[PDB]
Number of protein chains: 2
Amino acid sequence: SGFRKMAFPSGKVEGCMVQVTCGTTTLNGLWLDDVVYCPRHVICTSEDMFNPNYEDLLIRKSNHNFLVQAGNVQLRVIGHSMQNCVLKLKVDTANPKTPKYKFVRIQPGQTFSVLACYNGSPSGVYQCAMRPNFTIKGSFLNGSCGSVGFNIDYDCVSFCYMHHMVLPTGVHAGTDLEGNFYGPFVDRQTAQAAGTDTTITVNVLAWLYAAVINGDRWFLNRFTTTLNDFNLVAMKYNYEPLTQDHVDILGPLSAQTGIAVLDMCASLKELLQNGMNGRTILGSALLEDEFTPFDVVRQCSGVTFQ
Amino acid sequence: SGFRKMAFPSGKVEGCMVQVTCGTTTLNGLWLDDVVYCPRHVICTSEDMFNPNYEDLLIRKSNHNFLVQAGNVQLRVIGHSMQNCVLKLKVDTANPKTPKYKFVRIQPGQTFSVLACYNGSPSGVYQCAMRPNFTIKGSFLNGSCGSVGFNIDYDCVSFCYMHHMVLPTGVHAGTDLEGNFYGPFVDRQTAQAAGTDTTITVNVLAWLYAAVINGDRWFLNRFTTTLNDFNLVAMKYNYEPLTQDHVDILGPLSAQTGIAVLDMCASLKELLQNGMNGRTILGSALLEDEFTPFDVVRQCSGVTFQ
Ligand SMILES: *C(=N)[C@H](C[C@@H]1CCNC1=O)NC(=O)[C@@H]1[C@@H]2[C@H](CN1C(=O)[C@@H](NC(=O)C(F)(F)F)C(C)(C)C)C2(C)C
Ligand SMILES: *C(=N)[C@H](C[C@@H]1CCNC1=O)NC(=O)[C@@H]1[C@@H]2[C@H](CN1C(=O)[C@@H](NC(=O)C(F)(F)F)C(C)(C)C)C2(C)C
């Protein structure tokens, strides 16, 4: 009963957040085993930010220059290295709260939870999607860098995002946990803009299945369509092309509801061409594209985590 | 930058969730110090549900009849009692992860985070409001009872909701942690319906301030209004009356933005009378009423928790 934007429980990630200070710059780090991962611009002064030479700035730091705090406890740094846009600080204490974890690089259209943090302390949790233009629509303030995005699978935390910056129009950009940016962005205070975004078609379809499961069925029409003819219509509305891989991922929801994917595609086609006529779907007056097929299955089936 | 529906970090509550089984009925419980709190209908069979005599059903239970599991560890029950609609099971082990906490009864219009759980294991977290008709718009499945709602203030978890049932139209009903229902509902499988709901005016105003803070300002008009004349208009649109207490609670946001509350009221008046004309505010095509003034301040100022 009901359908909500739902984040993963954040406790396993909360137990990994620390504060990292270098000079007067402070941000968040992620403490897993005996390594703290954080954005490399912790080593920048305000003026370094416009054209930083991170390798040069790091040459002039030693271990003791990094103040790492886990709650009230300072963690002694005993080694450091740079990997793309992330700093790795080896500390002399392994985090006893380290969960089973993976570093993953997610694909555009996939979702994750963000644990927004300031000064190593958690503020809140929310769900995001990696947009097709490789930005995310987050909520971040000064000092939020190093906050991470993640998914959970049973007991395993898959970390997929570390926060680095905000772009014009207010969308956000960051890296995977190997320090490689999503998209064509750099960690430098320089003129940068997101490309034009697109609507994540497979997710809109997932959310229409969630509507059917939850009893909101008014938009279901009596037609079908071919994949080619659907994509011709969707392209005009700045929807991303629907692939056979997308069709296959929708299979569980199609099987559960008894509505063929291409039938749902015909109903979406009508919504795009005619609008929703003042009506809502699952309480929204716009079509929602930040629920994946798995998000819908997980919420409508009550999948839990260890 | 950005504005999202944001839940509190759930870790402090995750460390309190357990599974409670009596006979063949299983639901979630909340383990604080040496007491487990859970919905009393854990003691009901399926047929007991329609007209249960909870006092009679509990007479025929003893401590050993309650199987309480915290992960892989069974907790021995050494005492039990009923308080309104909640069962309290004394166990022989105090929860070492008990946070500082309070039991509070919230008022209609206030928000909280829900940690949805199944079989004592967390599934996800989302933000809800206590509706003026004393229901909540949650997302719950079979076995979700005993999931709790809460707010956090620094290090203190204020528990305010325990989940018990779903009503027609799919809205949800439950109790405070003293077992007293919000609203005129009973924990019995009998014909019950929520009263007509109303829109939480002070929260819509809070969210318009959040829009201004985040740069979405198109709806700001050049007028003001009196409190009386605003409430005459709002009443027609099923908005709850705006009180002086509400005006006072909006004061921090008014001071931050330099927009007097009654000026924002004039802009809301225009939105109600004319609509949004295809435009969005903070990405939504409807006016949002499940952010409190404090929710907005907490998100736009980066308040963290210990
Ligand atoms: C990390 N704590 C912050 C997070 C920012 C701050 C406000 N909202 C956020 O998401 N990261 C930064 O301040 C980064 C950082 C230098 C400057 N910066 C920016 O986000 C700037 N953006 C850009 O320069 C642009 F447009 F290219 F993205 C700023 C103008 C300050 C918003 C570095 C190393 C990129
Ligand atoms: C607790 N695990 C469930 C949570 C429900 C289940 C599906 N979605 C939810 O939120 N609680 C119940 O099943 C409660 C419980 C008996 C029956 N019940 C209901 O929610 C029923 N609702 C009502 O009878 C009504 F309309 F009055 F609310 C049901 C028809 C099964 C949905 C008790 C003790 C009320």
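Residues numbered from 1 in each chain as written, not as in the entry; some residues may be left out. Chains lettered and ligands numbered in written order. Heavy atoms only, no water. Residues with missing side-chain atoms left out of burial classes, pairs and counts.

Colleague: Which parts of the structure should I look at to understand the pairing of strand β6 (residues 77-83) of chain B?
Modeller: It is a general feature of regular strands that their side chains alternate between the two faces of the sheet. All names here are of chain B. Pairing geometry for β6 and strand β7 (residues 86-91), over six bridges, is antiparallel. Within the sheet, the bridge partner assigned to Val-77 lies in β7 and is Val-91. Here β6 folds back onto β7 in antiparallel fashion, the turn holding two residues, of which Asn-84 has a positive phi close to 45°. (Pairing = 2+ DSSP bridges. Helix = DSSP H or I, 4+ residues; strand = E, 2+ residues; numbered from the N terminus.)

Colleague: Please explain the sheet that holds β6 of chain B as it appears in this structure.
Modeller: Strand pairing in a sheet is mediated by backbone hydrogen bonds. Such pairs are either parallel or antiparallel. Residues and elements named next belong to chain B. An order of β5-β4-β1-β2-β3-β7-β6 is seen for the seven strands of this open sheet, with the pairing classed as antiparallel. Edge positions in the open sheet fall to β5 (73-75) and β6, since each of these has one partner strand only. Taking each pair of neighbouring strands and ignoring which way they run, the sheet shows an average axis angle of 30°. Examined bridge by bridge, strand β1 (residues 17-22) and strand β2 (residues 25-32) share six bridges and lie antiparallel to one another. Bridge pairing in β2 places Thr-21 opposite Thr-26. (Axes fitted to C-alpha atoms, helices over the stretch in contact; angles between N-to-C directions.)

Colleague: Would you mind showing me how to read the site of ligand 1 here?
Modeller: By nearness alone, 22 residues border ligand 1, and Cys-145, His-163, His-164, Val-166 and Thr-190 of chain A come closest of all. Residues close to ligand 1 are split across chains A and B. Taking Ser-144 of chain A, its main chain carries an N or O atom lying 3.5 Å from a nitrogen atom of ligand 1. Burial of ligand 1 by the surrounding chains reaches 81%, relative to a free accessible area of 700 Å². No other element matches strand β12 (residues 156-166) of chain A, which puts four residues into the shell around ligand 1. Grouping the constituent residues of the shell around ligand 1 by class yields nine nonpolar, eleven polar and two charged. (Near = heavy atom within 4 Å. Polar contact = N/O pair within 3.5 Å; in protein donor to acceptor, adjacent residues only side chain to side chain. Areas by Shrake-Rupley, 256 points an atom, 1.4 Å probe, with all protein chains shown as cover. Nonpolar A, V, L, I, M, F, W, Y, C, P; charged D, E, K, R; others polar.)

Colleague: I would appreciate a short explanation of the domain arrangement of chain A in the present structure.
Modeller: One frequently used descriptor of interface size is the decrease in accessible area upon assembly of the parts. Residue and element names in this part refer to chain A. Split by domain assignment, chain A resolves into domain 1 (15-91), domain 2 (100-175) and domain 3 (201-301). Here domain 1 and domain 2 have C-alpha centroids that lie 19 Å from each other. Tallying the contact residues gives 15 residues for domain 1 and 19 residues for domain 2. Interface area for domain 1 against domain 2, summed over the two sides, is near 1,300 Å², with a carbon-plus-sulfur share of 69%. On inspection of domain 1 and its partner domain 2, the count reaches zero salt bridges. Inspection of the domain 1/domain 2 interface yields seven residue pairs in polar contact. Broken down by secondary-structure element, the contributors of at least two residues to the side of domain 1 that touches domain 2 are β1 (17-22), β2 (25-32) and β3 (35-39). (Domains from an automatic or database assignment. Contact = heavy atoms within 4.5 Å. Buried area = accessible area lost by both parts, 1.4 Å probe. Salt bridge = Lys/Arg side-chain N within 4 Å of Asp/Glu carboxyl O.)

Colleague: It is not clear to me how the relation of the copies chain A and chain B should be interpreted in this structure. Could you clarify?
Modeller: One copy of the chain maps onto the second through a rotation around an axis plus a translation along that axis. Overlaying chain A on chain B yields an RMSD of 0.0 Å, the required transformation being a rotation through 180° with an accompanying axial translation of 0.0 Å. Such values leave the two copies arranged in the relation of a two-fold axis. When C-alpha positions in chain A are compared against the rotation axis, the closest is assigned to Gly-11 of chain A, at 1.8 Å. A symmetric contact is evident, with 100% of the interface residues of chain A recurring at the interface of chain B. (Least-squares fit on C-alpha atoms.)

Colleague: Help me out: how do you make sense of the side chain of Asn-28 of chain B in this one?
Modeller: Residues and elements named next belong to chain B. The topology assignment puts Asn-28 in strand β2. Reaching out from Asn-28, the side chain makes a polar contact with the backbone nitrogen of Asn-119 at a distance of 3.5 Å. For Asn-28, the side chain forms a polar contact with the main-chain nitrogen of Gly-120, separated by 2.7 Å.

Colleague: Quick question: what am I supposed to make of the interface of chain A and chain B here?
Modeller: Each side of the interface is counted separately: chain A has 43 residues, and chain B has 43 residues. Both faces considered, chain A and chain B share a buried interface measuring about 3,100 Å² in area, 51% of it formed by carbon and sulfur atoms. Sorting the residues of chain A by area buried against chain B places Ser-1, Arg-4 and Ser-123 of chain A first, and these three jointly supply 22% of that buried surface. Ionic pairing is found between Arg-4 of chain A and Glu-290 of chain B, a salt bridge with its closest N-O pair at 2.8 Å. Taken together, chain A and chain B are joined by 27 residue pairs in polar contact. Within the residue set of the side of chain A that touches chain B, elements represented by two or more residues are α1 (11-14), β9 (111-118), β10 (121-129) and α8 (293-301) of chain A. No other element matches β10 of chain A, which puts eight residues into the side of chain A that touches chain B.

Colleague: For this particular structure, what's the right way to read the environment of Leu-205 of chain B?
Modeller: Residues and elements named next belong to chain B. Topologically, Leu-205 is positioned in helix α3 (residues 201-213). Classification of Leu-205 as buried rests on a relative accessible area of 0%. Separated by 83 residues in the primary sequence, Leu-205 and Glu-288 place their C-alpha atoms 9.1 Å from one another. If we skip the residues at most four places from it in the chain, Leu-205 touches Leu-242, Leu-250, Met-264, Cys-265 and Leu-268. (Buried < 20%, exposed > 50% of the residue type's maximum accessible area, 1.4 Å probe, protein only.)

Colleague: Would you explain the side chain of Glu-290 of chain B in this entry?
Modeller: Counting through the fold element by element, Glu-290 of chain B comes out in the loop between α7 (261-274) and α8 (293-301). A distance of 3.3 Å separates a polar side-chain atom of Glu-290 of chain B from the backbone nitrogen of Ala-129 of chain B. Sequence-distant contacts of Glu-290 of chain B, that is, excluding residues within four places in its chain, are made with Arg-4 of chain A together with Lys-5, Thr-111, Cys-128, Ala-129, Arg-131, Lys-137, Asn-203 and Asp-295 of chain B.

Colleague: How should helix α4 (residues 227-236) of chain B be read in this particular structure?
Modeller: Turn by turn, an α-helix covers 3.6 residues, leaving residues three or four places apart pointing in a common direction. All names here are of chain B. Those residues of α4 not exposed but buried are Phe-230, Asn-231, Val-233 and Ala-234. Viewed end-on, α4 has its buried residues packed into an arc of 165°, placing them on one side of the element. Exposed residues on α4 whose side chains face more than 90 degrees from its buried face are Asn-228, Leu-232, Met-235 and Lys-236. Those residues of α4 hidden inside the fold are in contact with α3 and α7. Looking one or two residues past α4, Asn-238 carries a phi angle of roughly 65°, positive in sign. (Arc of directions from axis to C-beta.)

Colleague: Would you explain the sheet that holds strand β4 (residues 66-70) of chain A in this entry?
Modeller: Residues and elements named next belong to chain A. As summarised here, the arrangement of the seven strands in space is β5-β4-β1-β2-β3-β7-β6, forming an open sheet in which the pairing is antiparallel. Here the strands that pair on one side only, and so sit at the sheet edges, are β5 (73-75) and β6 (77-83). Strand-to-strand twist across the sheet, computed as the mean angle between neighbouring axes with direction ignored, equals 30°.

Colleague: Just checking my understanding: could you explain the packing of aromatic side chains for this structure?
Modeller: Aromatic ring pairs are described here by two measures, namely the spacing of the ring centres and the angle between the planes. The tally for this structure, following the rule as stated, stands at 18 aromatic pairs over all chains. Ring centres 6.4 Å apart and planes at 75° place the aromatic pair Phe-103 of chain A and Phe-159 of chain A in the edge-to-face group. Separated by 56 residues along the polypeptide, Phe-103 of chain A in strand β8 (residues 100-103) and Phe-159 of chain A in strand β12 bring together distant segments of the chain. Ring geometry for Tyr-126 of chain B against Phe-140 of chain B: centres 6.1 Å apart, planes inclined by 65°, an arrangement best described as edge-to-face. Note that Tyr-126 of chain B is positioned in strand β10 (residues 121-129) and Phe-140 of chain B in the loop between β10 and β11 (148-153), a separation of 14 residues in sequence. Neither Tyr-126 of chain B nor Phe-140 of chain B differs from the other in exposure class; each is buried. Taken together, the ring pairs in this structure connect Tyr-37, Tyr-101, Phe-103 and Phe-159 of chain A into an aromatic cluster. (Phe/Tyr/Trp six-rings, centres within 6.5 Å; stacked < 30°, edge-to-face > 60°.)

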